[PDB]
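Taking it in order: structure first as structure tokens, then the write-up.
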Amino acid sequence: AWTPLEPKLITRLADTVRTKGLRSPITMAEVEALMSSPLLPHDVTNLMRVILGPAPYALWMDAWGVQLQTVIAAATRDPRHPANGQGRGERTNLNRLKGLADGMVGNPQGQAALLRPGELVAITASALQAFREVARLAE
Amino acid sequence: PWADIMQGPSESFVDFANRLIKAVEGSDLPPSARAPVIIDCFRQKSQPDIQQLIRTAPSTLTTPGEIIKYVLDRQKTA
Amino acid sequence: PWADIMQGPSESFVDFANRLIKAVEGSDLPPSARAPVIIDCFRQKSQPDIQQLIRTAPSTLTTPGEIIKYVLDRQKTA
Amino acid sequence: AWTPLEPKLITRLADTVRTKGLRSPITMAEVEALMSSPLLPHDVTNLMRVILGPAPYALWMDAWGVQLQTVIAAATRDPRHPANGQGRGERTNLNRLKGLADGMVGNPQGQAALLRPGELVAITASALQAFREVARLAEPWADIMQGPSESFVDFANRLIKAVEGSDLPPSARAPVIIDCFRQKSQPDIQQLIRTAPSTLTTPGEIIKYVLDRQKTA
Amino acid sequence: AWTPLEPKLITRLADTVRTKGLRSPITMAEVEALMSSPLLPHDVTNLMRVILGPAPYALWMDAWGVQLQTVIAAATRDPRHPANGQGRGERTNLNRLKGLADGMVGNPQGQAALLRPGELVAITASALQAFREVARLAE
Amino acid sequence: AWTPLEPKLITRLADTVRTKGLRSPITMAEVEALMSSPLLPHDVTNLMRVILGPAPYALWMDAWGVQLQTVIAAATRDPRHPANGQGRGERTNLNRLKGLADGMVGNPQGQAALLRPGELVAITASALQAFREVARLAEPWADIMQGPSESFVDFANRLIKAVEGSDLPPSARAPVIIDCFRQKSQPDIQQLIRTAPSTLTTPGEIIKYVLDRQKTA
Amino acid sequence: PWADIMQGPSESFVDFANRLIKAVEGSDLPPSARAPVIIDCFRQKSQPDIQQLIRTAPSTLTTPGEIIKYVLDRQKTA
Amino acid sequence: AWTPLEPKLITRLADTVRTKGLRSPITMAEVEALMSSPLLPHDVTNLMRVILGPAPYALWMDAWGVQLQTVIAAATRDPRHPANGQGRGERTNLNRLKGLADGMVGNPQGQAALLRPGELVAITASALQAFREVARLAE
Amino acid sequence: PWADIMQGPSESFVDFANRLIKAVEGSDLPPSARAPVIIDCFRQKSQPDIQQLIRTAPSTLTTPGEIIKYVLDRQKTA
Amino acid sequence: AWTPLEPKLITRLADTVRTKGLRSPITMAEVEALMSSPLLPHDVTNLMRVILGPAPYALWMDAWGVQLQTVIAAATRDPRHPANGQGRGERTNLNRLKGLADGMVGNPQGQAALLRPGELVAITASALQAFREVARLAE
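Protein chains in written order, with full-length UniProt numbering: chain A, 249 to 387; chain B, 391 to 468; chain C, 391 to 468; chain D, 249 to 387, 391 to 468; chain E, 249 to 387; chain F, 249 to 387, 391 to 468; chain G, 391 to 468; chain H, 249 to 387; chain I, 391 to 468; chain J, 249 to 387.
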């Protein structure tokens with residue numbers, strides 16, 4: 249069952265990003281805090297939509313896609329990925345990682361249903377690395 | 391109005407990009423016409439130093455995020 | 391001292407690169423830290439004409455040899 | 249059956265050659281137009297007599313003879329020439345090409361009777377090449396500088412004109428035009444081309460770059 | 249059989265380009281008029297040699313080459329090009345499009361012999377787009 | 249068994265590069281001399297480390313890598329490379345060419361053990377081409396004029412030097428040198444070349460003619 | 391009159407050749423006597439610079455067209 | 249196997265040519281000395297590039313070509329040339345003499361592989377005669 | 391003495407040729423060595439105008455009579 | 249039987265050539281006079297040796313050879329030459345015309361023996377034309 253993040257925590261994090269900036273160690277610590285439980289693509293996408301401005305959000309979408317593509321290359325380079333399965337029918341496509349696959353587009357409940365925990369942690373680590381890249385790039 | 395947005399002589403590029411993307415996405419354009427308009431406004435606005443910086447791009451930039459990343463990399467620190 | 395090396399107003403770029411690479415390789419840095427330091431010293435030293443020449447590089451230069459080749463190609467003949 | 253070319257077209261072509269000259273691309277296009285159907289030696293000879301002056305006509309007769317001789321050497325080097333035949337009795341002599349053979353001297357009807365279509369097209373191509381040679385001969392790139400007040404498109408036009416209308420091989424024009432853009436074209440544009448973050452490997456690309464980043468004045 | 253364009257029409261078009269410029273709608277209409285029948289590379293090349301100055305002609309050669317290269321990329325991306333054939337032996341090289349192939353260099357008759365109608369219309373559309381680019385660039 | 253190059257020869261070559269430069273024909277001849285026997289990656293790497301400065305050494309490492317990559321592309325394009333073998337297990341990776349493979353890093357003896365003679369000659373030719381590129385890069392023909400007081404042999408020397416040490420293709424140097432003799436080389440020699448009863452089709456012939464008929468002064 | 395035609399001090403050579411060939415072909419000479427007369431008039435008229443240029447011809451010129459080509463090649467550009 | 253000439257001898261010969269000139273009997277003796285073993289086209293070409301200035305080098309290239317052409321005329325006038333063979337497949341073209349043939353351009357090892365000793369001695373004698381001509385011509 | 395014969399500054403060429411052929415044929419040379427000597431004396435004597443006239447001969451002159459004919463044809467009338 | 253020309257007439261003709269020159273109509277008339285009877289190659293050769301200087305004599309030898317070669321070309325182009333015969337064994341070689349054939353070298357008696365009257369008149373006309381050429385060339 250999907251539970252959304254508190255809008256109070258999200259508002260506090262957005263104001264933190266607004267006053268301290270993207271690169272301060274306190275901001276990265278707060279992001280790591282709100283990045284503790286494995287989030288669904290819907291959660292991370294809406295979170296970055298709210299806390300980041302338009303141009304940093306575009307940059308972050310780009311960087312997140314690139315990092316997820318590196319993850320999928322490593323996944324096709326190793327059939328023992330915690331997102332993959334043993335047979336070929338469990339291979340994870342980027343539509344399933346970005347939340348674009350069938351039964352997931354716009355629906356967080358179905359998303360949480362079909363996604364694997366390894367998928368969730370890989371998406372989360374990818375999003376964190378992308379946030380780091382964009383923060384280092386913006387300023 | 392998006393078509394009246396210019397990058398000021400003293401304004402940074404991320405502020406200009408934020409303002410432009412805001413005004414373009416919060417307008418009456420169809421959703422499928424925002425990215426090309428944002429790109430072509432980056433190219434024709436964004437005072438001639440950044441205009442020439444985008445023009446002389448050895449790679450082809452086909453997304454506002456890629457243009458923003460390229461300009462932020464190769465911008466004249468000042 | 392490598393961190394005190396500047397490209398003189400009248401000095402050519404190959405002499406500056408020779409002096410800098412000499413002082414960086416004949417110093418107390420680890421072997422795995424010489425190339426990034428040489429690159430970042432090319433970018434911040436090497437008086438602002440060459441600084442802007444390296445900044446506006448449509449390609450990403452990730453090696454001192456590549457930076458030297460690029461600068462030697464596009465340098466202002468004078 | 250032989251049909252003469254219209255004297256109206258010939259008069260228009262003669263006035264074109266008179267005003268534009270021998271080497272203009274419009275003149276060469278007009279000549280190619282009036283050189284569309286395979287002409288008999290009589291037709292081409294009278295055409296060049298009318299459109300060309302006396303001295304260019306002498307030069308053209310010389311060049312046409314030389315080109316026809318090269319054609320006849322290639323013909324004796326290959327018995328499968330569209331002007332030749334399979335047996336030795338169809339070998340084509342220069343008297344038959346220049347219209348000097350028996351039954352052809354001064355008579356265009358007999359000419360059209362005995363001549364082959366391959367003969368006609370070979371004569372026509374030879375005459376066209378001879379016209380090109382004489383035009384290039386009848387009327391210096393390394394002395395061209397961009398004046399202090401001259402714009403860059405005028406300088407580029409003048410330089411490309413003088414380089415393409417010269418004695419260089421076709422495969423040596425682009426590098427020469429580039430290296431002349433770089434060393435001529437007074438030091439402001441020289442430094443503008445030198446500090447090009449991209450590598451420009453074509454005169455068109457150099458022209459586009461310079462027109463973009465030029466100092467508006 | 250190859251028939252050349254009238255030098256009278258070409259002279260009128262050249263004077264139109266000389267007085268009105270490259271970008272006027274009347275000039276583009278006149279070019280579209282003289283671009284009605286599919287032209288051989290020889291025809292378009294001589295036409296642009298006559299109507300355009302030296303520097304616009306260089307620019308136009310560049311642009312025409314680029315557009316023809318895009319066409320050849322689309323052709324290798326689809327074996328059903330009206331310039332291509334079904335087998336691999338009918339694949340169209342840029343030497344055949346620019347008129348540089350064997351049996352075509354300098355000879356318009358042989359050109360008209362070996363060229364396809366799809367080849368002709370593709371060359372013509374490419375030349376028109378290149379003219380538009382150069383006209384937008386010159387002024 | 250690996251034998252090192254003499255440090256005496258290397259010291260002499262280093263001083264040659266120091267005094268004559270990288271591009272002199274004597275320096276290239278000396279490099280060809282010390283590039284006679286097929287060298288191991290260790291040998292060539294240390295040789296270029298000693299004879300070249302830091303920045304030319306960086307440039308040379310870049311160029312050597314690029315040329316070796318072209319070689320490996322040709323090798324994967326032909327399974328009959330003298331460095332390759334017949335089966336897929338003998339395919340040569342760039343780690344084996346640059347000396348980075350297993351059992352070779354820092355050890356010249358093991359290097360000489362595992363390397364093939366075809367590998368050695370390919371590495372050597374690649375290094376020579378890279379040296380040529382860097383030498384041409386480390387150190391304008393269309394701006395050369397014959398001074399009012401300068402002799403003609405000095406002008407010809409300067410012009411041929413600047414034309415051959417430039418970015419032109421090899422097949423475009425002679426026509427450019429001729430056409431620069433004709434348009435530069437102040438109008439007395441210009442008219443002397445123009446009024447040549449014979450056709451001069453080579454820079455040497457033009458130089459001989461001008462030296463014969465020049466105005467002694 | 392063909393025998394009164396001289397190349398003026400300022401006249402070019404192609405104009406002189408045109409005028410001379412016109413006056414010789416539009417005259418009372420037989421057809422078989424025009425080429426030798428045109429050649430010998432090129433040699434004796436055509437002011438002494440071109441006279442010496444034709445005289446010192448390493449090849450033998452036996453046609454008005456060949457003489458015109460040779461002179462146009464080796465003429466003093468001025 | 250190809251062995252290059254010593255750059256020390258070449259430097260000494262270059263300084264000899266620089267001080268004594270091209271025509272002194274000591275210079276011709278030194279050239280005959282360094283012209284003792286049959287040289288490959290690469291060797292003689294680089295030697296003349298180093299010891300001669302630019303204009304004498306152009307003159308020498310011309311003269312060497314002319315002398316090699318005379319040699320090839322004598323070779324087609326006699327099938328028993330030490331450079332030729334008995335059959336027609338061993339006839340020696342100027343591309344093989346000037347080092348321009350296939351497998352020889354820029355590569356001295358392949359040059360030494362395919363060349364005949366008669367070819368080498370003919371090239372060497374031709375180069376010596378060309379040097380004599382240019383020396384007699386320069387001063 | 392044949393090897394001391396020079397063409398004077400004011401002397402014509404036929405007189406010089408007569409004098410030279412006389413002195414060469416009335417000397418101690420073998421009969422098979424007179425023609426080459428006469429040719430090589432025409433080339434090196436015969437003051438530099440005629441020297442250059444013989445040098446720039448598009449054809450190869452291999453006989454004293456042919457050289458005399460060529461020089462008489464293309465000589466500078468004065 | 250061979251009879252030599254009078255040295256008195258030859259001396260008078262030589263002085264005529266010395267005072268009037270080679271091209272005067274009186275000189276050509278005198279030469280035509282002494283060219284009346286068909287002369288043997290010996291006679292014409294000695295006559296031109298005496299009346300002409302060294303350089304005109306060289307020119308005349310050249311021109312005489314060329315004209316005799318034209319005559320021999322016309323002779324091989326027509327087997328009915330008054331110098332030729334009907335069979336192939338009477339074909340006249342240039343050694344027989346110039347007096348170089350066997351039994352003729354230096355001997356005027358044998359010359360007069362073996363030569364034909366057509367041969368004599370052809371040699372004489374050739375020598376006259378050569379004299380005209382050289383006279384037109386000398387001045």
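Cβ atoms here follow ideal geometry from the backbone N, Cα and C, with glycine treated the same way.
- For a Cβ distance threshold of 8 Å, residue set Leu307, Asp310 and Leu385 of chain F lies close to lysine 459 (chain C), ordered along the chain.
- In its chain, beyond the 5 residues on either side, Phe403, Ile440 and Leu443 have a beta carbon closer than 8 Å to the beta carbon of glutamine 465 (chain G).
- Under the three-state reduction of DSSP output, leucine 443 (chain D) falls in the helix class.
- A distance below 6 Å between beta-carbons, with the five flanking residues on each side excluded, links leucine 307 (chain E) to the following residues of its chain, in chain order: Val382.
- The alpha-carbon separation between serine 374 (chain A) and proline 302 (chain F) amounts to approximately 40 Å.
- At a cut-off of 8 Å between C-beta atoms, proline 448 (chain I) counts as an interface residue with respect to chain G.
- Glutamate 456 (chain D): member of the alpha helix (DSSP H) spanning 454-464, first to last residue.
- Closest in alpha carbon position to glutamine 315 (chain E), among E:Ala378, E:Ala386, E:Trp250 and E:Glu387, is E:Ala378.
- Under the three-pair Cβ rule at 8 Å, the segment 363-371 of chain A counts as touching the segment 274-288 of chain A.
- Distance from the CA of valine 414 (chain B) to the CA of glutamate 338 (chain A), rounded to the nearest whole angstrom, comes to 41 Å.
- Look at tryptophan 312 (chain F) here: in three-state DSSP terms it is helix.
- Annotation: the continuous alpha helix (DSSP H) that includes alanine 386 (chain D) extends over 365-386.
- Excluding residues up to 5 positions away in sequence, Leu270 and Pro304 lie with their Cβ nearer than 6 Å to the Cβ of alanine 386 (chain H) in the same chain.
- At a cut-off of 8 Å between C-beta atoms, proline 289 (chain A) does not count as an interface residue with respect to chain B.
- At a beta-carbon threshold of 7 Å, the residues of chain B lying near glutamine 442 (chain C) are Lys466, ordered along the chain.
- Residues are counted here when their Cβ sits less than 8 Å from a Cβ of chain F; for the segment 415-441 of chain D these are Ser417, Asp418, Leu419, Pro420, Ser422, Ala423, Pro426, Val427, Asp430, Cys431, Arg433, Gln434 and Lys435, given in chain order.
- Residue contact with chain F for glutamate 381 (chain H): absent (no Cβ-Cβ distance below 8 Å to any residue of chain F).
- Below the 8 Å Cβ cutoff, chain D contributes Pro302 and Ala303 as neighbours of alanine 407 (chain G), in chain order.
- Close CB contacts of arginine 433 (chain D) within its chain, under the 6 Å cut and outside five residues either way in sequence, are with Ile444 (chain order).
- Residue burial is scored here from C-beta neighbours: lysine 256 (chain A) has fewer than 16 other C-beta atoms within 10 angstroms and is therefore classed as exposed.
- Inclusion of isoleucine 429 (chain I) and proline 448 (chain I) in the CB contact set at 8 Å is not warranted, their separation being larger than that value.
- The Cβ atoms of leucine 300 (chain D) and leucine 282 (chain D) lie no closer than 8 Å to each other.
- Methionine 309 (chain A) has its alpha-carbon roughly 39 Å from the corresponding atom of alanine 349 (chain F).
- About 6 Å separates the CB atoms of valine 298 (chain E) and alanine 277 (chain D); that is less than 8 Å, so the two are in contact.
- At least one CB atom of chain D sits nearer than 8 Å to the CB of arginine 297 (chain E).
- A distance below 7 Å between beta-carbons, with the five flanking residues on each side excluded, links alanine 331 (chain F) to the following residues of its chain, in chain order: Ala323, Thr340, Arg364, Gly366, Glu367 and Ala370.
- Distance between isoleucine 457 (chain C) and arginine 380 (chain F), taken at the CA atoms: about 19 Å.
- With fewer than 16 other CB atoms across the displayed protein chains lying within 10 angstroms of its CB, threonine 267 (chain E) is exposed.
- In the DSSP assignment, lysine 435 (chain I) falls outside any alpha helix (DSSP H) and carries neither an H nor an E.
- Closest option to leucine 376 (chain J), judged by alpha-carbon separation, among J:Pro356, J:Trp250, J:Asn355 and J:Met296: J:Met296.
- Note that the C-beta distance between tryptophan 392 (chain C) and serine 417 (chain C) is below 8 Å.
- With a cutoff of 8 Å on beta-carbon distance, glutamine 397 (chain C) and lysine 459 (chain C) are scored as not near each other.
- Boundaries of the alpha helix (DSSP H) harbouring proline 289 (chain D): 289-299, taken from the DSSP string.
- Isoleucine 395 (chain B) carries a coil assignment under DSSP once its states are collapsed to helix, strand and coil.
- Collapsing the DSSP output to three states places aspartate 263 (chain A) in a helix.
- Note that the C-beta distance between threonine 264 (chain A) and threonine 275 (chain A) is below 8 Å.
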